[PDB]
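I have placed the structure first, in the form of C-alpha cells, so that the comments after it can refer back to it.
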Amino acid sequence: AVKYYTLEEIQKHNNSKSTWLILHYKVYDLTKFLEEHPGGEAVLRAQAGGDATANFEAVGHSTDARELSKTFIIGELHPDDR
Ligand code: HEM
C-alpha cells in the first residue's frame, strides 16, 4: 500500500541511522545514500527530519535527480499535517 508519515514520525528519522525528510509533501529515506549523494551527507543530515523542500529546490536538482528521488520515495506527508 502507500503509507503516509506524520511530521513527528519523520522527525524521529533525522539522526545516526535514518535520514528521512519531506520534499514537496513527499517523504524520502536516503539514509543509505548519504555518502552516495553528490551534495554531502552533512547537508542531507542537517535538513533531515522535516521540510527540506525549499532547501532541495533552492539548491536545484535535475530531472534525473527528481526521478532518482522517486526510487527513494517511501510515502507522503500525513493528511493531518498539511
Ligand atoms: C530527493 C532526494 C535527493 C536526491 C535523489 C538527490 C540527488 C542529487 C544529485 C544527483 C545531485 C547532482 C546534481 C544534479 O544532477 O541535479 C545532487 C546535488 C546536491 N544536492 Fe541532492 N538529492 C536529494 C536531496 C537533497 C536535499 C534534501 C538537499 C538539501 C540539503 C540536497 C542538497 C544537494 C547539494 C548541496 C548538491 C550539490 C550542489 C552543488 O554543489 O552543485 N539534496 N543531489
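These residue numbers are counts, starting from 1, taken along the chain as shown.
Determined via solution NMR.
Here the Cβ of each residue, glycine as well, is placed from N, Cα and C on the backbone.
Features as listed in Swiss-Prot:
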{"type": "MOD_RES", "residues": "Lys3", "note": "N6-acetyllysine"}
{"type": "MOD_RES", "residues": "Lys12", "note": "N6-acetyllysine"}
{"type": "BINDING", "residues": "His37, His61", "note": "heme binding site"}
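Positions of the features from Swiss-Prot, shown on the structure.
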| residue | record | Cβ neighbours (10 Å) |
| --- | --- | --- |
| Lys3 | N6-acetyllysine | 9 |
| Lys12 | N6-acetyllysine | 12 |
| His37 | heme binding site | 14 |
| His61 | heme binding site | 13 |
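A distance of 21 Å separates the Cα atom of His37 (heme binding site) from that of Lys12 (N6-acetyllysine). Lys12 (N6-acetyllysine) and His61 (heme binding site) have their C-alpha atoms 25 Å apart, to the nearest angstrom.
Across the structure, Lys3 (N6-acetyllysine) and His61 (heme binding site) are spaced 25 Å apart at their Cα atoms. Listed in sequence order, the recorded positions among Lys3, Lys12, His61 whose CB lies under 6 angstroms from an atom of ligand 1 come out as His61.
According to DSSP, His61 (heme binding site) sits in a coil region rather than a helix or strand.
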